[PDB]
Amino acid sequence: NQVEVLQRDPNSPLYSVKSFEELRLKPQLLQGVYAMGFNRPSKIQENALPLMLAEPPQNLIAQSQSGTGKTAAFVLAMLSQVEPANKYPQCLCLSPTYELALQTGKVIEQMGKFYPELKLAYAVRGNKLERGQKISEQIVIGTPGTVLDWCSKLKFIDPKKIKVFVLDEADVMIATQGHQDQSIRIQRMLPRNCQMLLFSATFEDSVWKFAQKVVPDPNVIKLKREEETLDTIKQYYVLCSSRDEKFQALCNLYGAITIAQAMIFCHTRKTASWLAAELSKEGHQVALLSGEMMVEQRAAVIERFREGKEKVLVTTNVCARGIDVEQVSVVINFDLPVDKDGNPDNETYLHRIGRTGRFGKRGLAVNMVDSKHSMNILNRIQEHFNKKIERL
């Protein structure tokens, strides 16, 4: 409905000149697409697919806004290249976090379901295969530690047979701060002829430069600064001078933000669990998710939040990227995003608020400012994006 109107508007990133039929996907892939409920490509899908499906295959570094369909663009490229007759990994997709790997894997299964023979392996924590076992599935989705184990020490995968390598959230996967060391070690194991696809909603300048040097001869799709922020996510702030006041303000807002699901973002695992415990003392049911939890607990909590069994997720940056829950209508930055140094983290900011307003929905983001220093950070973020954040 909003989607139908937006896909008719040439100013929207959801608009495509061409239909799925005109993109010339394999018929089993068009089946997967229409079964997903898709009607028309978004812009990134219609722009990236021809580059990725050109023969000979081409490398791509591409940027597109939050919630514009980057996942299906890359999944389709992986699925187009696989030969379901060869029973070994041919495609490798890396994600920065456990829940994101699980989520994407689900998309792969669903879009590839009309290739009865195609099967998916999960190279994630808690996923063990006896020694001397080589993996049979043609596609692998994983997080970097495990995949890097699977490739060499344990030898479950021959990396020299991989023909498509995908980095989702490509800028944190290759950043020195992020997963650079594991990603580049995995990459070095690939054969020369392997197609490399990097997708993100953001690339800091030096990361953009670095991607051009680790990806041979890439095509590039890059946004202008003004294009990065969505008109559909309203940005506010609340001025407060203490943790307790923020919590107070949060208590104040909680009805208005709980109409539809919310995610709340904290700087540390410890603040995350403190906040979740304090909200439960007020009689609110919230679910806590952070990387100190066991994977079985992490999996069960994200699934319950997806099922609407939990309305409020209190979390760390573990959920900042890529997590797609269509009912999330509010994002709260309880803490403002800062890098390891404590400088303002523009990229994370944009990904956190991108949890809401997915694929044509509207959303709201509320920043909790607790100091002058925090206020400095907020003004910095606003200047980076040139998008004014209203006082609430």
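In this text, residue numbers run from 1 along the sequence as written.
Judged by mean Cα B factor in the deposited record, 231 to 239 ranks above the other of 231 to 239 and 170 to 178. Set 129 to 137 against 191 to 199 and average the Cα temperature factors; 129 to 137 ends up higher. Remark: of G342, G67, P50, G32, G342 shows the highest value [criterion: C-alpha B-factor in the PDB entry]. Comparing the C-alpha B-factors of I257, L288, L102, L148 in the entry, the top value falls on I257.
The entry lists a Cα temperature factor for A121 that places it in the lowest third of the chain's modelled residues. In this PDB entry, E55 carries a Cα temperature factor that places it within the highest third of its chain's modelled residues. Remark: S19 belongs to the middle third of its chain, ranked by C-alpha B-factor as recorded. Among all modelled residues in its chain, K155 ranks in the highest third by Cα B-factor. Ranked by C-alpha B-factor against the other modelled residues of its chain, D205 falls in the middle third.
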